[PDB]
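To start, the structure under review is shown below, and the notes come after it.
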Amino acid sequence: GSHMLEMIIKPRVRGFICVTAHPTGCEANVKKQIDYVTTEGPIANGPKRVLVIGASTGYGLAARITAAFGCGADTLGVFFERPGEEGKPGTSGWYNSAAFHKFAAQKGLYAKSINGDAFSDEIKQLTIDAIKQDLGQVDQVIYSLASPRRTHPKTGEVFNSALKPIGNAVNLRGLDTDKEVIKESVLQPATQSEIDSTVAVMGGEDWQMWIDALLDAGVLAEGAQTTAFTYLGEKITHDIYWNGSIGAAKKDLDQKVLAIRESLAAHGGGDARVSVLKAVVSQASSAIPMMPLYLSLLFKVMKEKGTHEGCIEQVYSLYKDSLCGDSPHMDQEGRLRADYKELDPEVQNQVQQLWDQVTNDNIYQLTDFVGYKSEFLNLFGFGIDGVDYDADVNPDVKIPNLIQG
Ligand SMILES: NC(=O)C1=CN([C@@H]2O[C@H](COP(=O)(O)OP(=O)(O)OC[C@H]3O[C@@H](n4cnc5c(N)ncnc54)[C@H](O)[C@@H]3O)[C@@H](O)[C@H]2O)C=CC1
Ligand code: NA
């Protein structure tokens with residue numbers, strides 16, 4: 001009666017939230033990303049020992065897969081996910097990470113993971129301990145956390161991030177993905193306390209605390225390199241993103257990367273860069289006002305140009321061109337740029353024109369909302385080819401070498 005312990009798992013979506021995840025589908029999604037990387041080919045001169053903070057979904061998962069299956073790296077991942085249990089599917093990041101460990105072992109690559117709050121001292125200590133035991137040191141640290149809150153590791157204060165404009169309220173158009181309607185709403189500007197809290201969570205302090213802690217522990221190698229992911233976006237997103245409260249946080253990253261680069265470049269010519277990536281569908285981005293509509297438009301325009309990319313394609317090129325290659329593709333600030341295809345003037349102009357014309361009636365003629373919906377479901381392991389969604393599956397999937405914080 002093994003079906004008592006198993007279930008048929010279907011999507012249960014509410015706005016930008018899906019409360020279920022499919023273990024087999026997440027495994028298939030991970031395999032697809034791995035197969036992309038191995039199909040593209042290896043990346044020369046990559047790091048061989050990598051710490052990825054935020055390693056279970058989205059860009060961080062893509063970085064772990066790229067490092068491991070592209071650069072041949074041993075990888076230590078840190079993330080914050082819910083394991084499955086009977087009757088209750090775990091989070092997609094849990095199942096993604098289970099799959100990553102399975103495939104890494106098949107290839108003879110080291111994979112160990114730590115599940116817990118990355119903002120906490122405990123998790124940093126557990127991470128230091130794992131590196132010491134296993135790897136000696138790491139050559140690269142990827143900082144790829146997206147979180148709505150942070151408990152300060154010293155004072156215990158809980159900071160909450162806000163996704164609001166700064167200065168003036170803004171009329172933002174968007175797509176209500178449940179009702180499938182184009183709708184506007186007015187978002188009020190952030191208070192100073194809200195801006196400060198957002199910087200506390202998504203700014204660069206914790207990144208700094210990580211690098212310093214690893215440094216003080218002697219677990220970073222000569223020539224070590226670290227990067228945190230950021231988003232600048234097209235001008236149309238500037239009100240809510242770059243010049244909003246979240247932008248105040250990402251701008252803080254810029255006030256961190258200098259000190260970090262300074263510490264590493266003395267340590268064997270190591271380096272640090274904020275890396276700027278394109279918008280993609282993710283658990284994080286889907287929750288940002290305007291983003292489902294913007295993404296649906298951007299996908300259409302970029303597909304027409306042959307330049308559309310998801311997480312894995314974006315990060316593979318970041319490693320190949322910029323982190324390990326001869327094309328930092330530097331901007332005037334010293335950031336690594338991998339987002340130029342989204343920011344091309346002809347792309348921005350086309351997105352802007354469509355933005356002004358889209359209505360309930362022409363959604364499927366003017367946008368790639370179909371593609372948006374598909375990629376969103378894929379995040380949670382749904383709609384993946386070759387997966388039998390009618391078969392019972394055990395939601396309790398275990399991960400070897402998983403340290404629970
Ligand atoms: N998704 C997008 O359009 C873009 C995202 N970025 C940036 O890339 C980074 C990652 O974003 P996504 O891939 O979208 O996010 P995501 O939602 O797919 O993944 C976030 C990761 O952070 C982990 N995490 C969250 N809170 C944690 C905690 N307290 N302790 C340990 N782990 C925690 C999650 O487990 C997960 O691995 C972010 O800095 C984001 O700003 C930059 C360009 C655009
Ligand atoms: Na991530």
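Counting starts with 1 at the first residue shown.
We read in the header that X-ray crystallography, 1.8 Å was used to get this structure.
Keep in mind that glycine also has a Cβ here, set from the backbone N, Cα and C atoms.
So that you can see what the record holds, here are the features copied from the PDB entry:
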SEQADV    1-6  expression tag
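Record features (Swiss-Prot):
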SITE      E81  site 'Plays an important role in discriminating NADH against NADPH'
BINDING   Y231  substrate binding site
ACT_SITE  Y241  active site, proton donor
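Shown on the structure are the features that Swiss-Prot records.
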residue: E81; record: site 'Plays an important role in discriminating NADH against NADPH'; CB count, 10 Å: 23
residue: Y231; record: substrate binding site; CB count, 10 Å: 21
residue: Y241; record: active site, proton donor; CB count, 10 Å: 25
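Note on the expression tag (1-6): residues 86, 392-396 of its chain, located 6 or more positions outside it, place their CB under 8 angstroms from a CB of the stretch. With helix defined as DSSP H, G or I and strand as E or B, the expression tag (1-6) counts 4 helix, 0 strand, 2 coil. Each residue contributes its Cα atom, and for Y241 (active site, proton donor) and the residue listed as 'substrate binding site' those atoms are 8 Å apart. Taken residue by residue with DSSP, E81 (site 'Plays an important role in discriminating NADH against NADPH') is part of neither helix nor strand, so it is coil.
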